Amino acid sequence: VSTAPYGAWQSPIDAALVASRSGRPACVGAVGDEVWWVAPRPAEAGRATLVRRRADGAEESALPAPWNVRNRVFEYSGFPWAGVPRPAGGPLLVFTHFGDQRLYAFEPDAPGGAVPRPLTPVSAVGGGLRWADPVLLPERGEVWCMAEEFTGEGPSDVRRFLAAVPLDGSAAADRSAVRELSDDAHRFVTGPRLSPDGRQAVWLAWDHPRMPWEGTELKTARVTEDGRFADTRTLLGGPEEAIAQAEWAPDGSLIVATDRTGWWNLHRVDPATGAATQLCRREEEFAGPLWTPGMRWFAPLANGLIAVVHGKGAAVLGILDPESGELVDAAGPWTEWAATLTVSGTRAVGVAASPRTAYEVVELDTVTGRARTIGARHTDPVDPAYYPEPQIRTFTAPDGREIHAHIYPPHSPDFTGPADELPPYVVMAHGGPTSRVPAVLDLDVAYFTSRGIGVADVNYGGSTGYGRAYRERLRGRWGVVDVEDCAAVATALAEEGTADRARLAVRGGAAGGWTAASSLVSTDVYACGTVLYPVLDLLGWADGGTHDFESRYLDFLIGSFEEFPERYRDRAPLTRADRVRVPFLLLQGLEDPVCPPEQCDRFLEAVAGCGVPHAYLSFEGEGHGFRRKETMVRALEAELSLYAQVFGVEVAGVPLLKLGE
């Protein structure tokens, strides 16, 4: 062990490693005695593939490049696949290919191997056709799901509805062969969920200017014999009741997660009256912000029990007995479970991680209570001693409100900083903003901590996991609350003598980008910052400048344009670009439909000539968020260079980023 300036420590964790291990298993699902899930493949053009885990343990990718399992529903991708076991010929599977947005069907166990075949038609109108949240009904030879069909060239010239697609591929080149189960009354809808007797279906629905975590309506309809929806009606919900998920329990009852009590709690619902009944009242979240159709937090087991990812702050998988009301969590090392779940027999399968291990596919058996890794088993790329030790903390702001944060102090088995020196800190603001960051192993963070630079991940006001009220704090307060809380923690660290007051950095992507930028503009707390595909031009963004799903998100974040037109100019970073006095780095994907690259151009134009050292890196082939391995490497090393140059340290393994005025 030797002494060295903070940020200059030699670390075995290089950007290449970070990228290589980015992402996690996702959209898990059971098919017979098999378990599938979507896994990233950054070195394969950033595509996502399907992984197939067999009963004997066999675990392999089921689709080779260039198939890409991801769709553009809500631009964030709704559940991309569905599979069913069969008496012979292996299971049947359907998935969405990102390249053409079409729905494909394939049989892994068919002679000749998996050979995807198209089931849906295409369109040259606007964003064309998109599909997601499918449900396979081989008995009717169809797959039902929700669908987006553009009717014009504008980001909002689109109609969504529940559809039925023939499995025989007869609609591959025939739009009329696709049946519209519901109407397009609601702009936003999720896929259908059929009751066990197959006579009643439910789905979530909402419209502008509400976000699903403000309020949604659980729609229902009687499924006729020939397969049509009849008597559609709202079973419950409204513009202020957020129903995050709805499922049919094997006994025919309806379970839903609603935040009517102030927290997302599970409720039994009468399939006719709508009468809801609590199953487990608690000040913990049993659901979350529904960003994409198909998210699952709870899942009913055939034996009457209910698997649930729950908690206040961190979320963990536990089994709930609606009868005794008792809930028993999974043990094991996992401290955070993702919002994906499936069940098979007496087992519940989810995706979890810990501060020491990356997200894995974990199984919790209800009869024994044992939890074990069954997929994507984590193995240390380097000695775990290079992973920082998170500190789940809470800071107190001037008014006494608590700010939840994760503090990752510099850490390394080989170095310690200079006696009379303090480590610089990177304050990160997650995206969303109606979201939350879990405290688990993240090489992106370790990347800095192992080099001697502290990291502080703030779950500012408006973050999920703490109840509707806490989520509401950001209503109309975007650009203020998120910014203040982050600065609150930063200065708190500097005061406590944990961090160097003079070497504090801010960074974030998307909403996290807006917060970082906003921080460099309306505050002088940071020495520099990294902004990734942010929101900097509100007026532009509100004027058809973002995808439909968030075309009115600003109504929640800063207030309606009708009531507060001044805030759209004031709160915008672009407006006060000239107020940025410290160096910064701008990262952006050129194909980003959520935050168009235009955002950056206008900002860069407003700062030009103000003599502030800065850099900008755009990437083609990258949408919202970087998925390609190469992209992440440049992005990461560029960010470290900025910090290295501004903090007066000399990082090794990275080239020097050219900052210009």
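Residue indices: 1-based, along the sequence shown.
Between 483 to 491 and 428 to 436, the higher mean Cα B-factor belongs to 483 to 491.
Legend: mean Cα B-factor per stretch from the PDB entry, 29 to 37 versus 605 to 613; the higher mean is in 605 to 613. In the PDB entry, the Cα temperature factor peaks, among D500, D548, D184, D555, at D500. The residue among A163, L92, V525, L266 whose C-alpha carries the highest B-factor in the deposited model is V525. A230 sits in the highest third of its chain by CA B factor, as recorded in the PDB entry. Looking at the C-alpha B-factors along this chain, the one for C600 belongs to the highest third. Compared with the other modelled residues of the chain, the Cα B-factor recorded for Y408 ranks in the lowest third. Remark: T379 belongs to the middle third of its chain, ranked by C-alpha B-factor as recorded. Annotation for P573: C-alpha temperature factor in the highest third relative to the rest of the modelled chain, per the entry.
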